[PDB]
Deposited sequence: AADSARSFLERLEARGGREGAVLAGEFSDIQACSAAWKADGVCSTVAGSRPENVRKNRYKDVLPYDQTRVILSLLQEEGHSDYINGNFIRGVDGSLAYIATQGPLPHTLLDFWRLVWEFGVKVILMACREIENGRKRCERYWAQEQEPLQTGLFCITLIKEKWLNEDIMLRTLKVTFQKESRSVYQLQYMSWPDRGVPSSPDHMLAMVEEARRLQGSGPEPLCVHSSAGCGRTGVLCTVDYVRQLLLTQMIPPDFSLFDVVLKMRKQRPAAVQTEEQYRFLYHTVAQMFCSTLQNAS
């Protein structure tokens, strides 16, 4: 009913390509600039001379207010810095970490993040190489090929294709005589600024089935950890609303994405991704 209502609302404005969606997105962008100017969303830490080299993109810095502060191996002169933010879940908890594609020299920091926050599942929405270009460092282990950074040793335990566009990697990670299972899901064919839809949903369901109970955040990244990252988080958020049955009467995608954007820069990056989101939500409902 809340669902059918949302659906009714979407159809009534011309669906996916309705003019009003552009206006909504334009408005989200406006609120974003406004936040920067008001300093509600700042990038002091990302801008520090010690941290600048840890950003893959010079124009994508984590917001100070929600940034992930690393304290593992702090005791030994490690920096607290990683280009990543927390995003709140439906229940107000820190349900997601949105972060960039690790660089060769941030690989260790990525794993510090995964260990410190007890992450069980990572969703990667990019590829190591896209068109040109290196877009994310391999931070997982390969079959006959541990990966070692600092005190961490990553081992590939198995890997299978969940489906045509999604790889599932089962990893063991070892740090200080301790092992933990970590599952990584990688979507192979999602272009940056763009959109995949069935398999993305299978990715989210799978992630949610591996995660189980437990308060630990999901780790969601792309190349910069904005566009494709935000889409993923938003989809999981809304699916979580849905599963609960807590879709309000006045349910607004504009307000969900707005809240995302508040917590990770460019969480949903393009109008085209914004439309796709509306559409995915429709489907999830129908």
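Unmodelled regions of the deposited chain, listed from N- to C-terminal end, are 1-2, 199-200, 291-297.
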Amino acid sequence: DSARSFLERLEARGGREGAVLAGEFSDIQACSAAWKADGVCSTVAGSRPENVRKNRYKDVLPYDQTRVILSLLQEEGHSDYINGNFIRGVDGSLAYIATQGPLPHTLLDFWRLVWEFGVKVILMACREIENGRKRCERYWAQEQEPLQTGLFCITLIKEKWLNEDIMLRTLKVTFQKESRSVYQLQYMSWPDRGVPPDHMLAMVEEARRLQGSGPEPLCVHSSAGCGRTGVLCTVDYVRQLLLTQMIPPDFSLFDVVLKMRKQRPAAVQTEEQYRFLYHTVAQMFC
From here on, numbers count along this sequence of modelled residues.
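The deposited model assigns a higher average Cα B-factor to 248-256 than to the other stretch when 25-33 and 248-256 are compared.
According to the PDB record, 138-146 carries the higher mean C-alpha B-factor of the two stretches 138-146 and 186-194. The PDB entry assigns the greatest CA B-factor among 128, 116, 206, 216 to 216. When the CA B factors of the chain's modelled residues are split into thirds, the value for residue 77 lands in the highest one. Per the deposited record, the Cα B-factor of residue 46 falls in the middle third when ranked against the other modelled residues of its chain.
Placement of the Cα temperature factor of residue 240 within the chain: highest third of the modelled residues, per the deposited record. In the PDB entry, a CA B factor belonging to the lowest third of its chain's modelled residues is recorded for residue 101. Sorting the modelled residues of the chain by their CA temperature factor places residue 176 in the highest third.
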